>>> print(open('query-v7.cif').read())   # mmCIF, C-alpha atoms and all ligand atoms
data_entry
#
loop_
_atom_site.label_atom_id
_atom_site.label_comp_id
_atom_site.auth_asym_id
_atom_site.auth_seq_id
_atom_site.Cartn_x
_atom_site.Cartn_y
_atom_site.Cartn_z
CA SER A 1 30.13 83.02 315.34
CA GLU A 2 28.11 82.10 312.26
CA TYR A 3 27.26 78.92 310.37
CA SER A 4 24.38 77.73 308.22
CA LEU A 5 22.23 74.72 307.44
CA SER A 6 20.99 74.08 303.94
CA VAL A 7 18.89 71.70 301.93
CA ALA A 8 21.04 70.42 299.09
CA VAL A 9 20.29 68.43 295.96
CA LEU A 10 22.45 67.35 292.99
CA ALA A 11 23.53 70.26 290.73
CA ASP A 12 21.33 69.07 287.84
CA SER A 13 18.33 68.01 289.93
CA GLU A 14 14.92 69.11 288.65
CA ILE A 15 14.08 69.99 292.30
CA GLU A 16 14.02 73.81 292.62
CA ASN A 17 12.50 74.28 296.09
CA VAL A 18 11.73 72.63 299.42
CA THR A 19 7.95 72.36 298.82
CA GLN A 20 8.76 69.79 296.10
CA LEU A 21 10.24 67.41 298.75
CA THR A 22 8.56 64.93 301.14
CA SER A 23 11.73 63.88 302.95
CA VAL A 24 15.35 64.85 303.60
CA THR A 25 18.37 62.76 304.57
CA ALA A 26 20.12 64.14 307.68
CA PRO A 27 22.34 62.99 310.62
CA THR A 28 19.74 63.49 313.37
CA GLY A 29 21.69 61.10 315.64
CA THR A 30 24.52 63.65 315.92
CA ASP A 31 23.28 67.11 314.76
CA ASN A 32 19.62 66.98 315.81
CA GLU A 33 19.34 70.38 317.49
CA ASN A 34 20.49 72.24 314.37
CA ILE A 35 18.49 69.98 312.02
CA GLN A 36 15.19 70.44 313.91
CA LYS A 37 15.60 74.21 313.89
CA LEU A 38 16.04 74.06 310.12
CA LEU A 39 12.93 71.87 309.79
CA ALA A 40 10.99 74.31 312.04
CA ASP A 41 12.14 77.25 309.88
CA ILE A 42 10.97 75.35 306.77
CA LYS A 43 7.56 74.63 308.34
CA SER A 44 7.21 78.28 309.49
CA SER A 45 8.23 79.92 306.17
CA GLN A 46 6.94 77.44 303.54
CA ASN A 47 4.40 75.40 305.50
CA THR A 48 6.03 72.11 304.42
CA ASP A 49 6.64 69.10 306.70
CA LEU A 50 9.62 66.95 305.91
CA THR A 51 10.32 63.56 307.39
CA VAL A 52 13.97 62.75 308.03
CA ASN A 53 15.80 59.73 306.63
CA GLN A 54 18.52 59.39 309.27
CA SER A 55 22.11 59.20 308.04
CA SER A 56 25.10 58.28 310.25
CA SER A 57 26.88 61.51 309.35
CA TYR A 58 26.95 64.48 306.96
CA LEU A 59 29.56 62.56 304.92
CA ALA A 60 27.20 59.55 304.67
CA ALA A 61 24.30 61.83 303.68
CA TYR A 62 26.50 63.32 300.94
CA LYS A 63 27.45 59.80 299.72
CA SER A 64 23.72 58.86 299.54
CA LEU A 65 22.99 62.02 297.56
CA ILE A 66 25.69 61.35 294.95
CA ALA A 67 24.71 57.64 294.74
CA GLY A 68 21.14 58.79 294.02
CA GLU A 69 19.82 56.91 297.06
CA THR A 70 18.24 60.13 298.29
CA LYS A 71 16.98 63.20 296.44
CA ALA A 72 17.86 65.78 299.10
CA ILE A 73 20.07 66.18 302.17
CA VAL A 74 20.57 68.64 304.99
CA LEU A 75 24.08 70.12 305.07
CA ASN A 76 25.67 71.98 308.00
CA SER A 77 28.29 74.41 306.71
CA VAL A 78 30.78 73.39 309.45
CA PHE A 79 30.72 69.76 308.24
CA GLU A 80 31.10 70.66 304.55
CA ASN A 81 34.79 71.21 305.35
CA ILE A 82 34.93 67.57 306.59
CA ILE A 83 33.15 66.23 303.48
CA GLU A 84 35.75 68.12 301.43
CA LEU A 85 38.48 65.81 302.85
CA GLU A 86 37.15 62.74 301.00
CA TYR A 87 35.32 64.63 298.26
CA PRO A 88 37.33 67.72 297.21
CA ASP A 89 34.90 68.58 294.42
CA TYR A 90 31.71 68.29 296.55
CA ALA A 91 30.71 71.95 296.13
CA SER A 92 30.55 71.48 292.33
CA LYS A 93 28.24 68.46 292.61
CA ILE A 94 25.43 70.21 294.50
CA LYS A 95 23.05 73.16 294.56
CA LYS A 96 21.37 74.57 297.67
CA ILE A 97 17.62 75.24 297.48
CA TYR A 98 17.06 76.48 301.03
CA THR A 99 19.49 78.25 303.40
CA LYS A 100 19.19 79.18 307.10
CA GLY A 101 21.73 81.24 309.07
CA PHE A 102 22.70 80.31 312.62
CA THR A 103 24.85 81.90 315.30
CA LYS A 104 26.56 80.18 318.23
CA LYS A 105 27.51 82.03 321.43
CA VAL A 106 31.31 82.33 321.67
CA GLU A 107 32.65 80.72 324.88
CA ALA A 108 34.31 83.55 326.80
CA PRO A 109 37.99 83.34 327.75
CA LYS A 110 38.47 82.03 331.30
CA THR A 111 40.25 84.32 333.75
CA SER A 112 42.49 82.39 336.13
CA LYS A 113 41.83 82.81 339.85
CA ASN A 114 45.56 82.54 340.46
CA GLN A 115 49.04 83.28 339.11
CA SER A 116 48.88 80.52 336.44
CA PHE A 117 47.09 80.33 333.09
CA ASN A 118 47.05 78.26 329.88
CA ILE A 119 47.24 79.58 326.31
CA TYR A 120 46.65 77.24 323.41
CA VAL A 121 48.53 77.97 320.20
CA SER A 122 46.99 76.64 316.99
CA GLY A 123 48.96 76.82 313.75
CA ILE A 124 46.90 76.37 310.58
CA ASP A 125 48.53 74.73 307.55
CA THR A 126 47.59 77.31 304.95
CA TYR A 127 48.67 80.63 303.49
CA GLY A 128 46.17 83.45 303.05
CA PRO A 129 43.62 85.35 305.18
CA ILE A 130 43.30 83.96 308.71
CA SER A 131 39.66 82.96 308.19
CA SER A 132 40.73 80.16 305.76
CA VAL A 133 39.62 76.81 307.21
CA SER A 134 42.29 74.13 307.42
CA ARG A 135 43.71 71.49 309.78
CA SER A 136 45.64 72.55 312.92
CA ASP A 137 49.18 71.26 312.44
CA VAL A 138 50.63 73.18 315.40
CA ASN A 139 49.04 72.43 318.77
CA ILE A 140 51.09 73.82 321.61
CA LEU A 141 49.89 74.48 325.14
CA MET A 142 51.68 77.27 326.98
CA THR A 143 51.30 76.82 330.76
CA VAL A 144 52.44 80.11 332.32
CA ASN A 145 53.09 80.79 336.03
CA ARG A 146 53.53 84.53 336.61
CA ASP A 147 54.68 83.92 340.20
CA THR A 148 57.51 81.45 339.57
CA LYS A 149 58.23 82.96 336.14
CA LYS A 150 58.03 79.50 334.53
CA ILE A 151 56.57 78.46 331.16
CA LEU A 152 55.92 74.89 330.17
CA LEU A 153 55.39 74.20 326.46
CA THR A 154 53.52 70.96 325.83
CA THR A 155 53.30 69.88 322.19
CA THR A 156 50.72 67.29 321.14
CA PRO A 157 51.55 65.64 317.81
CA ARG A 158 49.10 66.72 315.15
CA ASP A 159 48.54 63.00 314.40
CA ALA A 160 47.63 62.25 318.05
CA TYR A 161 44.61 59.90 318.12
CA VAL A 162 42.30 61.55 320.63
CA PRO A 163 38.53 62.00 321.26
CA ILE A 164 37.68 65.11 319.28
CA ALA A 165 35.24 67.42 321.11
CA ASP A 166 32.19 69.26 319.70
CA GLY A 167 31.82 68.59 315.96
CA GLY A 168 34.13 65.56 316.38
CA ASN A 169 31.35 63.94 318.40
CA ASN A 170 33.96 62.77 320.94
CA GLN A 171 35.06 60.06 318.49
CA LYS A 172 38.77 59.37 318.12
CA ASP A 173 40.61 60.97 315.21
CA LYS A 174 43.87 62.82 314.62
CA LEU A 175 44.09 66.05 316.62
CA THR A 176 44.77 68.14 313.52
CA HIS A 177 41.22 67.44 312.26
CA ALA A 178 39.84 69.30 315.31
CA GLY A 179 41.09 72.56 313.71
CA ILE A 180 38.69 71.93 310.79
CA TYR A 181 35.69 71.94 313.17
CA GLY A 182 37.08 75.18 314.64
CA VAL A 183 39.33 76.43 317.40
CA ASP A 184 36.70 75.58 320.03
CA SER A 185 36.91 71.88 319.02
CA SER A 186 40.72 72.05 319.29
CA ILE A 187 40.50 73.78 322.69
CA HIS A 188 37.97 71.37 324.21
CA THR A 189 39.79 68.35 322.77
CA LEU A 190 42.97 69.36 324.66
CA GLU A 191 41.16 70.39 327.88
CA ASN A 192 39.57 66.91 327.91
CA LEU A 193 42.83 65.12 327.10
CA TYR A 194 44.98 66.88 329.71
CA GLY A 195 42.26 67.65 332.29
CA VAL A 196 43.03 71.42 332.36
CA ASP A 197 41.25 74.69 331.67
CA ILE A 198 42.57 76.53 328.63
CA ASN A 199 42.18 80.24 329.37
CA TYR A 200 43.03 81.67 325.92
CA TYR A 201 43.92 80.72 322.40
CA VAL A 202 46.02 82.16 319.63
CA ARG A 203 45.24 80.98 316.06
CA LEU A 204 47.58 81.84 313.19
CA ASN A 205 48.57 80.48 309.75
CA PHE A 206 51.66 80.45 307.47
CA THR A 207 50.99 84.00 306.34
CA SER A 208 50.33 85.17 309.91
CA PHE A 209 53.62 83.61 311.07
CA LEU A 210 55.73 85.26 308.34
CA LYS A 211 54.18 88.65 309.12
CA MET A 212 54.92 88.24 312.80
CA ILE A 213 58.56 87.14 312.31
CA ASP A 214 59.23 90.09 309.90
CA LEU A 215 57.76 92.57 312.37
CA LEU A 216 60.05 91.31 315.12
CA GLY A 217 63.27 91.49 313.06
CA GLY A 218 63.49 87.69 312.72
CA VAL A 219 64.31 85.27 315.57
CA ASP A 220 67.43 83.64 317.04
CA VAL A 221 67.67 79.98 318.04
CA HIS A 222 70.30 77.39 318.90
CA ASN A 223 70.03 74.63 316.31
CA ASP A 224 70.98 71.14 317.65
CA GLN A 225 71.16 69.17 314.37
CA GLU A 226 72.23 70.07 310.84
CA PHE A 227 69.26 69.99 308.46
CA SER A 228 67.76 71.64 305.39
CA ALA A 229 64.25 72.78 304.66
CA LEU A 230 61.96 73.58 301.73
CA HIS A 231 63.38 71.28 299.05
CA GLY A 232 66.91 72.20 300.03
CA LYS A 233 66.49 76.00 299.85
CA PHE A 234 67.55 76.66 303.45
CA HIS A 235 70.48 75.07 305.26
CA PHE A 236 70.67 75.14 309.04
CA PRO A 237 74.02 74.36 310.65
CA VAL A 238 74.51 73.37 314.29
CA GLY A 239 74.90 76.43 316.53
CA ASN A 240 73.36 79.87 316.86
CA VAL A 241 71.12 80.63 313.88
CA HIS A 242 69.29 83.82 312.94
CA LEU A 243 66.04 83.14 311.13
CA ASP A 244 64.28 85.70 308.92
CA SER A 245 60.65 84.93 308.18
CA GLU A 246 60.97 82.46 305.28
CA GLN A 247 63.92 80.71 307.06
CA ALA A 248 61.88 80.43 310.26
CA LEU A 249 58.94 78.97 308.32
CA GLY A 250 61.26 76.31 306.79
CA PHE A 251 62.77 75.70 310.26
CA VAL A 252 59.35 74.82 311.80
CA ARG A 253 57.96 72.80 308.85
CA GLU A 254 60.72 70.24 308.08
CA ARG A 255 60.35 66.73 309.59
CA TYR A 256 61.26 63.80 307.30
CA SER A 257 65.00 64.38 307.41
CA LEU A 258 65.20 65.04 311.18
CA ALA A 259 66.72 62.39 313.48
CA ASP A 260 63.48 62.26 315.50
CA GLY A 261 61.19 63.30 312.63
CA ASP A 262 57.91 64.92 313.69
CA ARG A 263 59.07 64.96 317.34
CA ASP A 264 62.09 67.08 316.42
CA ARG A 265 59.80 69.37 314.35
CA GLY A 266 57.68 69.91 317.45
CA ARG A 267 60.84 70.71 319.41
CA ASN A 268 61.86 73.16 316.66
CA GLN A 269 58.45 74.85 316.97
CA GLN A 270 59.02 75.10 320.74
CA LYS A 271 62.47 76.75 320.09
CA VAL A 272 60.80 79.27 317.79
CA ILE A 273 58.09 80.02 320.40
CA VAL A 274 60.84 80.82 322.96
CA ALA A 275 62.68 82.96 320.39
CA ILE A 276 59.42 84.84 319.61
CA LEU A 277 58.76 85.35 323.35
CA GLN A 278 62.28 86.79 323.72
CA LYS A 279 61.49 89.37 321.01
CA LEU A 280 57.97 90.12 322.35
CA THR A 281 59.31 90.82 325.84
CA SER A 282 62.04 93.24 324.79
CA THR A 283 61.42 96.74 326.17
CA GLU A 284 60.88 98.14 322.65
CA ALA A 285 58.27 95.49 321.67
CA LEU A 286 56.41 95.82 324.98
CA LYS A 287 56.28 99.63 324.69
CA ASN A 288 55.07 99.26 321.11
CA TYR A 289 52.54 96.46 321.83
CA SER A 290 49.65 98.48 320.30
CA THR A 291 51.57 98.78 317.00
CA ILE A 292 52.18 95.01 317.01
CA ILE A 293 48.46 94.41 317.63
CA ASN A 294 47.58 96.95 314.88
CA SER A 295 50.02 95.33 312.47
CA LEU A 296 48.97 91.68 313.18
CA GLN A 297 45.29 91.87 314.22
CA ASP A 298 44.15 91.14 310.64
CA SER A 299 46.10 87.86 310.46
CA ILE A 300 46.17 86.50 314.03
CA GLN A 301 43.04 85.51 315.96
CA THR A 302 42.99 85.47 319.75
CA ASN A 303 40.47 85.76 322.58
CA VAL A 304 42.99 87.31 325.02
CA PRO A 305 41.01 90.36 326.20
CA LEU A 306 42.63 93.70 325.42
CA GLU A 307 42.45 94.41 329.16
CA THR A 308 44.51 91.26 329.76
CA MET A 309 47.12 92.17 327.11
CA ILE A 310 47.58 95.57 328.75
CA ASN A 311 48.04 94.02 332.22
CA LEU A 312 50.53 91.37 331.07
CA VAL A 313 52.54 93.89 329.01
CA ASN A 314 52.70 96.57 331.72
CA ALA A 315 53.44 94.05 334.49
CA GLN A 316 56.39 92.79 332.41
CA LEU A 317 57.51 96.40 331.61
CA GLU A 318 57.53 97.17 335.35
CA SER A 319 59.08 93.91 336.62
CA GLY A 320 61.38 92.71 333.87
CA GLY A 321 62.66 89.15 334.45
CA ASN A 322 62.78 86.38 331.87
CA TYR A 323 60.66 83.26 332.02
CA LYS A 324 62.43 79.90 332.37
CA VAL A 325 60.93 77.72 329.65
CA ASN A 326 60.69 73.97 329.68
CA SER A 327 59.26 71.74 326.93
CA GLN A 328 57.61 68.32 326.76
CA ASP A 329 55.75 66.27 324.09
CA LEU A 330 53.02 63.63 324.29
CA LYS A 331 54.38 60.31 323.06
CA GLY A 332 52.81 57.32 321.27
CA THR A 333 53.00 54.69 318.53
CA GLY A 334 52.34 55.43 314.87
CA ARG A 335 49.68 53.18 313.33
CA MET A 336 47.76 52.98 310.05
CA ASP A 337 45.01 50.54 311.02
CA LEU A 338 42.86 52.81 313.25
CA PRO A 339 39.66 54.46 311.93
CA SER A 340 39.43 58.22 311.33
CA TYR A 341 36.07 59.73 312.29
CA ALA A 342 36.44 62.50 309.66
CA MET A 343 37.81 60.16 306.95
CA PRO A 344 36.39 56.64 307.52
CA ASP A 345 37.20 55.48 303.97
CA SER A 346 40.90 56.42 304.13
CA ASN A 347 43.81 54.65 305.79
CA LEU A 348 45.47 57.45 307.79
CA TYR A 349 48.59 57.47 309.94
CA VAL A 350 47.61 58.21 313.55
CA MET A 351 49.61 58.24 316.76
CA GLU A 352 48.12 56.04 319.46
CA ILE A 353 48.78 57.74 322.81
CA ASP A 354 51.11 56.14 325.35
CA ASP A 355 49.29 56.03 328.74
CA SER A 356 52.40 56.73 330.80
CA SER A 357 53.57 59.62 328.59
CA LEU A 358 50.08 61.07 329.10
CA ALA A 359 50.36 60.73 332.91
CA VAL A 360 53.79 62.42 332.92
CA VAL A 361 52.55 65.27 330.68
CA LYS A 362 49.51 65.95 332.91
CA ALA A 363 51.56 65.86 336.12
CA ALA A 364 54.13 68.24 334.62
CA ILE A 365 51.34 70.70 333.67
CA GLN A 366 49.88 70.58 337.24
CA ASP A 367 53.32 71.03 338.78
CA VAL A 368 53.99 74.22 336.80
CA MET A 369 50.57 75.65 337.66
CA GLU A 370 50.80 74.93 341.40
CA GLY A 371 54.30 76.39 341.58
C1 LIG A 401 51.96 88.76 324.89
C2 LIG A 401 53.04 89.85 324.98
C3 LIG A 401 53.31 90.69 323.72
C4 LIG A 401 53.76 90.08 326.16
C5 LIG A 401 53.68 89.46 327.42
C6 LIG A 401 54.40 88.11 327.43
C7 LIG A 401 54.87 87.65 328.83
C8 LIG A 401 56.04 88.33 329.52
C9 LIG A 401 54.30 86.57 329.50
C10 LIG A 401 53.22 85.75 329.18
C11 LIG A 401 53.48 84.81 328.00
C12 LIG A 401 52.29 84.93 327.03
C13 LIG A 401 50.91 85.25 327.60
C14 LIG A 401 52.41 84.85 325.65
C15 LIG A 401 53.53 84.59 324.85
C16 LIG A 401 53.26 84.88 323.36
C17 LIG A 401 52.47 83.76 322.66
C18 LIG A 401 51.22 83.17 323.33
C19 LIG A 401 52.83 83.24 321.42
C20 LIG A 401 53.87 83.56 320.55
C21 LIG A 401 54.22 82.40 319.61
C22 LIG A 401 53.24 82.17 318.46
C23 LIG A 401 51.93 82.98 318.39
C24 LIG A 401 53.46 81.24 317.44
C25 LIG A 401 54.48 80.33 317.18
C26 LIG A 401 53.80 79.13 316.52
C27 LIG A 401 54.64 78.35 315.52
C28 LIG A 401 55.93 77.69 316.01
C29 LIG A 401 54.22 78.15 314.19
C30 LIG A 401 53.05 78.59 313.59
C31 LIG A 401 53.18 78.64 312.07
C32 LIG A 401 52.57 77.44 311.38
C33 LIG A 401 51.12 77.53 310.92
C34 LIG A 401 53.35 76.30 311.13
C35 LIG A 401 52.92 75.13 310.50
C36 LIG A 401 54.06 74.11 310.38
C37 LIG A 401 53.56 72.67 310.18
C38 LIG A 401 53.77 71.67 311.32
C39 LIG A 401 52.93 72.14 309.06
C40 LIG A 401 52.58 72.58 307.80
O1 LIG A 401 53.33 71.83 306.79
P1 LIG A 401 52.65 70.84 305.64
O2 LIG A 401 51.04 70.90 305.72
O3 LIG A 401 53.09 71.42 304.19
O4 LIG A 401 53.33 69.35 305.70
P2 LIG A 401 52.94 68.13 306.69
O5 LIG A 401 53.75 68.04 307.91
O6 LIG A 401 51.38 68.24 307.04
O7 LIG A 401 53.09 66.84 305.72
#
>>> encode(input="query-v7.cif", output="structure tokens", more="lines below")
Ligand SMILES: CC(C)=CCC/C(C)=C\CC/C(C)=C\CC/C(C)=C\CC/C(C)=C\CC/C(C)=C\CC/C(C)=C/CC/C(C)=C\COP(=O)(O)OP(=O)(O)O
Amino acid sequence: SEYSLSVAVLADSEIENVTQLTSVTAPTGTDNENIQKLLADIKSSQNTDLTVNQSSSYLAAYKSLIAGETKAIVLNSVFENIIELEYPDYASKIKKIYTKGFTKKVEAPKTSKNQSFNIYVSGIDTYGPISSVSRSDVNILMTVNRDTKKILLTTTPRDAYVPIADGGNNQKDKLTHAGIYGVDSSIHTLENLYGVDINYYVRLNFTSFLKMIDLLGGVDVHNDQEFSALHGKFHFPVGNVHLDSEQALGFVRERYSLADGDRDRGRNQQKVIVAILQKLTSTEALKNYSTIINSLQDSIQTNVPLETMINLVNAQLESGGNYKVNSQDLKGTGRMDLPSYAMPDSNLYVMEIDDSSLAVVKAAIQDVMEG
């Protein structure tokens, strides 16, 4: 994967190039490896030495730049998406006078040594091409045991206040912000929280989801409470409900009017996962798996190796047998007085994790994996 570091100044700065600078403001406490490589590239190509004025973060560097407390900053493209949270117009306030491309090695999927594996499902709250960066509002772990034919779905509330791995600097923030750093941040965050290996991920957005539901002929669920979604457009009665793609999207997005709010939304997402699984494991869908891949590969990202898809599909085609699915959700207390690492100037709602819910969730995951 690709990212870049740049030297940025204010849009109307008289500074045109890096040789005109003596210093740059940069978060060398937290992004030093990348920053030094940029500085080394600058020295190599333009024979210019810059001293660093340390900032506490990219956000803080940006604030110094716009306050005129520094003439130039280093920006890391990954963290521009964080800055955008507090400063939506940031891109319009700056120009870049030096740019350096970087690539990070992609952490391979992990093959399980046994009959169990974990797939992390990340749902991105945006329409459009799958490469659009946004927060991860769906965060569901699928723990699958091929031997016992059991699936456990563990949902972690998108507001869950957890140490965010990688770009999150292991500081506590709401889980959903991990999706802005990238799927690897999301993955490592949840591995650390639950003490498990995540073998694979699937990342999709609103547009990806609609495309998938259409392809499968919609989905069928049992709805437990009467509710409506999307400013009253869809009405869902108690009982068996068929959901076409727009209906299904409404079904998984509504929370405010639900008896258990965001918890019930998470349960609705789990119902839809089961319903999707039931369509994906029909004989027709399994036979036609390549067509499904062909039709959805542009809008759904996954690191499940093709080899692995073929094995899972053909094993299921040969064996049959449905998976028994159970669901759980990490519980906690909503608070508005805890600091957000990504948004330190905003009061955000977060969910402080309940220690005993966490223990129960972890033990349930281990139980399914062991058998
Ligand atoms: C694999 C095959 C084909 C076969 C073998 C399968 C087999 C027999 C066995 C193995 C099982 C395996 C390996 C796989 C099963 C298939 C898998 C892994 C997945 C299928 C399910 C899936 C990919 C997705 C379902 C995810 C879902 C419920 C929703 C995603 C859509 C989005 C982005 C919703 C956002 C809604 C929210 C909360 C906020 C936005 O709302 P907003 O931002 O407006 O408001 P807010 O709230 O913020 O205020």
>>> residues_near_ligand(input="query-v7.cif", ligand="ligand LIG 401 (chain A)", cutoff="7 Å", atoms="only C-alpha atoms and all ligand atoms", output="JSON, numbers by chain")
{"A": [119, 121, 123, 124, 125, 126, 137, 138, 142, 144, 202, 204, 205, 206, 209, 249, 252, 253, 255, 269, 270, 272, 273, 276, 277, 280, 281, 286, 289, 309, 312, 313, 316]}
>>> axis_aligned_box(input="query-v7.cif", around="stretch 117-121 of chain A", padding_each_side="4 Å", output="JSON")
{"center_x": 47.6, "center_y": 78.8, "center_z": 326.6, "size_x": 9.9, "size_y": 11.1, "size_z": 20.9}
>>> residues_around(input="query-v7.cif", residues="residue A:45", least_positions_apart="3", cutoff="12 Å", atoms="only C-alpha atoms", output="list in words")
residues 18, 19, 38, 39, 40, 41, 42, 48, 49, 98, 99 and 100 of chain A
>>> write_last_selection(input="query-v7.cif", atoms="C-alpha atoms", output="JSON list (two decimals), keeping the file's coordinate frame")
[["chain", "number", "residue", "atom", "x", "y", "z"],
["A", 18, "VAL", "CA", 11.73, 72.63, 299.42],
["A", 19, "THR", "CA", 7.95, 72.36, 298.82],
["A", 38, "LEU", "CA", 16.04, 74.06, 310.12],
["A", 39, "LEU", "CA", 12.93, 71.87, 309.79],
["A", 40, "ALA", "CA", 10.99, 74.31, 312.04],
["A", 41, "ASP", "CA", 12.14, 77.25, 309.88],
["A", 42, "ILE", "CA", 10.97, 75.35, 306.77],
["A", 48, "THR", "CA", 6.03, 72.11, 304.42],
["A", 49, "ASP", "CA", 6.64, 69.10, 306.70],
["A", 98, "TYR", "CA", 17.06, 76.48, 301.03],
["A", 99, "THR", "CA", 19.49, 78.25, 303.40],
["A", 100, "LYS", "CA", 19.19, 79.18, 307.10]]
>>> atom_distance(input="query-v7.cif", atom1="atom CA of residue A:296", atom2="atom CA of residue A:131")
13.7 Å
>>> closest_residue(input="query-v7.cif", among="A:176, A:290, A:154, A:189", to="residue A:263", atoms="only C-alpha atoms")
A:154
>>> closest_residue(input="query-v7.cif", among="A:4, A:30, A:294, A:301", to="residue A:200", atoms="all atoms listed in the file")
A:301
>>> atom_distance(input="query-v7.cif", atom1="atom CA of residue A:331", atom2="atom CA of residue A:182")
24.3 Å
>>> residues_near_point(input="query-v7.cif", point="(32.7, 67.6, 301.2)", cutoff="12 Å", atoms="all atoms listed in the file", output="PyMOL selection string")
chain A and resi 57-63+65-66+75-94+342-343
>>> closest_residue(input="query-v7.cif", among="A:134, A:36, A:47, A:116", to="residue A:150", atoms="all atoms listed in the file")
A:116
